[PDB]
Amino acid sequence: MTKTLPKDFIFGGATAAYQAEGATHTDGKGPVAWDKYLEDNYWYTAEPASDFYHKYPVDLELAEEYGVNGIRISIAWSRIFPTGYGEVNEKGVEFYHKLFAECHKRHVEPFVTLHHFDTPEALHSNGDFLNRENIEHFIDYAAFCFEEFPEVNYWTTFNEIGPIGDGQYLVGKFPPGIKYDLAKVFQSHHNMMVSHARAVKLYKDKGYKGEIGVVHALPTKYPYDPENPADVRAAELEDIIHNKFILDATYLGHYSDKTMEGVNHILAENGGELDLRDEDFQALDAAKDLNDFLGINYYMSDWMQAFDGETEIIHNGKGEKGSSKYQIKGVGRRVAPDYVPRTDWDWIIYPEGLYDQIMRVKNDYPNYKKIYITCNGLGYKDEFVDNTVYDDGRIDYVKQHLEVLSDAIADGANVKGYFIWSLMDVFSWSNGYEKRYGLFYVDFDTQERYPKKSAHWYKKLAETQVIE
């Protein structure tokens, strides 16, 4: 009497080059911003990470043992072009071909992302994507990869553009560690999206065989008190900063009137200017209907309350329940509802928000075509016991969301797969190695993998499609 998922659903796992790989200075790998940054601003580094560079056969064998039929992986732009452009690093390219081969061998379909929070340092320190020159460097890097890896049937350009501008120019937790720059945020959202529109046009023109799409973070924004118009407006603007702006570029080819009115407002109150060239809209309009699927990364929702004070944002990275604080002048502040389960990192559990996002994209952008939940998971300090982890909380979190998908599917939403963040334990960019999300437990001192209770649960799900 439980829900069921379509027989052709993808039950995958997700990873990220920098988070998983390791080998940060091996086989010609070029530096990335995180190299110096984590060292100066955090208490851990990307070494040894989960040593994916050498472990992948074990990871893939296990992934196969436990019914995982898909896997998001990212190509480390700085491993192919250790400087963003020019010389190619043979060994880098060699590595990916191996990896890709192992995937096909293990029946795990690779969903490849060209960019996942890791612009080659040399280019990043030069304005990253705010600098229009790097847009070029990207398209060339994409064309290289498209041509070089015919083994890949599914491509994605960028992973979470919103969260890049957010952690980079708004929260200041991702390098360069800038804060409150709502002008840079919106610019980066526009520039990066132009970089995407171009690469997709390109993959389509040169008529390659597979599918090309985007991976967007879409945390549902709700007004704290639906009855208060002040709250409604607040969620609306908040949603515009994190979701609408980007979505619109991804489908309308331009920013809607409400979107620009809100952006105008936000920028007026906080200052700032946007450099929007007409050629950018030619690129955007061209690729608007090209995307083959949408990848929705979703972890939690946000409630917004009106707020008239100055802007202050504190990121709770050590996992101290309550240290999070988010308020923006002209926009509003986030207030967790009273009794929703939230965690030590303050991330709110609210499965219903996923359903609402899926019905929103579906209604506002009917041309989405197909939806994959490219990332969903619960990060928390598991306890290593009996060579496993009795991660019942994670099974509950996942199970709850999978049920909401099973519904959004029934209600006419074209959802084709779910990717659990993450396949194995990896360190978090701003929360260290403590915030674990994996189906498999990595013992960072030995690099030994151990299936968690969720790995065993996911298997039955995989081979039954009955959520129980």
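The numbering used is simple: start at 1 and walk along the sequence shown.
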Item checked: Which of 384-392 and 285-293 has higher mean CA B factor, as the PDB entry lists it -> 285-293
Next item on the list: Higher average CA B factor in the deposited record is what I'm after, so tell me if that's 50-58 or 435-443.
Entry: 50-58
Note to self: Out of 327, 270, 376, 220, whose C-alpha atom has the biggest B factor in the entry?
What the structure shows: 270
Notebook entry, point to check: Can you tell me which of 204, 72, 105, 184 has the highest Cα temperature factor in the record?
Noted result: 204
Note to self: Taking only the Cα B-factors deposited for this chain, tell me whether residue 167 sits in the lowest, middle or highest third.
What the structure shows: middle
Next item on the list: Rank-wise, by C-alpha B-factor, drop residue 115 into the lowest, middle or highest third of its chain.
Entry: middle
Check: Which third of the chain does residue 41 land in by C-alpha B-factor: lowest, middle or highest?
Finding: highest
Check: Which third, lowest, middle or highest, does the CA B-factor of residue 149 fall in along this chain?
Finding: lowest
Check: In terms of the CA temperature factor given in the entry, to which third of its chain does residue 417 belong: lowest, middle or highest?
Finding: lowest
